[PDB]
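Heads up, the chain below is alone and in the form deposited without 3-hydroxybenzoic acid; it's given as structure tokens.
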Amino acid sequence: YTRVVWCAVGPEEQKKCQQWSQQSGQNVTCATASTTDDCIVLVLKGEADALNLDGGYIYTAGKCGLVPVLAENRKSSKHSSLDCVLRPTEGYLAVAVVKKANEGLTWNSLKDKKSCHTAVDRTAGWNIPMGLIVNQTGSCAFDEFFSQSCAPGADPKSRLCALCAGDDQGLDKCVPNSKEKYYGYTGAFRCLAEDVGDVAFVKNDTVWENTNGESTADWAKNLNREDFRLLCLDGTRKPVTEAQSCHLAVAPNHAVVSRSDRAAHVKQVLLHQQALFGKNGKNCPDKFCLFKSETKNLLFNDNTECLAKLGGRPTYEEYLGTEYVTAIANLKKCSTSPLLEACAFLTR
């Protein structure tokens, strides 16, 4: 079994993964589930080997005994010296984003507003904001804080899914995959853009990448980053240019996880797939580009330069950092997740 089985979340990821397999000569093959949690179960059971996860999902994989292998790396501010694969990773910036023409809306007037979330359990979409809201209100009732939300992966019957749109035909509302119109960094921003929500919980990069002709998609085509502001924790609003002083927190980068027994194999194969199909890939763009989709962050973020090595011998705890682990642990006391309950005994 030299093939590395990649877990694709949803049918759009599955098409890119099938492409990847064909061009990889089955050095990579595809399993699919409708959700990230399902894919974490596939890797647990050895029906799949790996997938690239948001840090919040890495927490779930970690509790279930999976390990981080390689981290997403985007273009930094300084070094063009060190190779991308050896270059220190820079955490992305979790921001709350509002329309500039919705004056009166601050961090402190968020209660019973409409929210857009990348999905439940994701770092910028959910762990960071809802962690802060629960901590500030001293209440576990984050499910009643917003009047209405789109938070893919929530209970589809609840107000947390009220604003989710699903497919073109409106099927699979609130399913935490890319077939849901408002799923992900893209989808949550599109949710704020089409004014379905008052606030979107996304990362700094998402705002830039979908404004001022930077995206070619018809909803994002004619968007100006002047029509948007960033809610800061100090109550103030600011332009999207001052993310560095107006962000909720710094997220650890999306990273690949595997079973321990498969990590070395998965690492070696990916370093080589990156060399062939990465940013400066021998076979990118004529054959296949690993880090490009229909600008819909399939398998990897489209802004991924390469997958980088980590420190020596890292656990999910070391990778995410003690602080973000404690913030997650605390928010999770207000909830139960099936996978966290199922796997709880492994790290207790």
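In case it trips you up, residue 1 is the first one in the sequence shown, and so on.
Report task. May I ask you to compare 114-122 and 223-231 by their mean CA B factor in the entry and name the higher one? Result -> According to the PDB entry, the answer is 223-231.
Report task. Would you tell me which stretch averages the higher CA B-factor in the PDB entry, 99-107 or 200-208? Result -> Averaging CA B-factors over each stretch, the winner is 99-107.
Query raised in the report: So among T236, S260, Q274, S178, who wins on Cα B-factor in the entry?
Result: Highest C-alpha B-factor among the listed options: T236.
Query raised in the report: Say you rank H265, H254, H79, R159 by Cα B-factor from the PDB entry; which sits at the top?
Result: Top of the list by C-alpha B-factor: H79.
**Report entry** Ranked C-alpha temperature factor of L86 among modelled chain residues, by third
**Finding:** As the PDB entry reports it, the C-alpha B-factor of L86 lands in the highest third of its chain.
Query raised in the report: C-alpha B factor of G153, ranked within the chain: lowest, middle or highest third?
Result: Lowest third.
Requested in this report: Please place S21 in the lowest, middle or highest third of its chain by C-alpha B factor as given in the entry.
Outcome: Lowest third - that is where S21 ends up once the chain's C-alpha B-factors are sorted.
**Report entry** CA B-factor ranking of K309, expressed as a third of its chain
**Finding:** Answer is highest: the recorded C-alpha B-factor places it there.
Report task. Please place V240 in the lowest, middle or highest third of its chain by C-alpha B factor as given in the entry. Result -> Highest third of the chain for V240's C-alpha B-factor.
The next section is about a form of this same protein that is not shown, the form deposited with 3-hydroxybenzoic acid bound.
Query raised in the report: Any chance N253 has a heavy atom within 4.5 Å of 3-hydroxybenzoic acid in the deposited complex?
Result: Yes, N253 sits close enough to 3-hydroxybenzoic acid in the deposited complex that at least one of its heavy atoms falls within 4.5 Å.
Query raised in the report: Might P239 be said to contact 3-hydroxybenzoic acid in the deposited complex, defining contact as any heavy atom within 4.5 Å?
Result: Although 3-hydroxybenzoic acid is absent here, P239 would stay clear of it in the deposited complex, with no heavy atoms inside 4.5 Å.
**Report entry** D167 within 4.5 Å of 3-hydroxybenzoic acid in the deposited complex, heavy atoms
**Finding:** Contact with 3-hydroxybenzoic acid, no.
Query raised in the report: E194 near 3-hydroxybenzoic acid in the deposited complex, any heavy atom under 4.5 Å?
Result: No, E194 stays farther than 4.5 Å from 3-hydroxybenzoic acid in the deposited complex.
Query raised in the report: Can you pick the stretch from 167-175, 245-253, 143-151, 97-105 whose heavy atoms fall within 4.5 Å of 3-hydroxybenzoic acid in the deposited complex?
Result: Looking at the other structure, the answer is 245-253.
Query raised in the report: Going by 3-hydroxybenzoic acid in the deposited complex, which residues of 299-325 come within 4.5 Å of it through any heavy atom?
Result: Going through 299-325 in order - heavy atoms within 4.5 Å of 3-hydroxybenzoic acid in the deposited complex - there is one hit, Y319.
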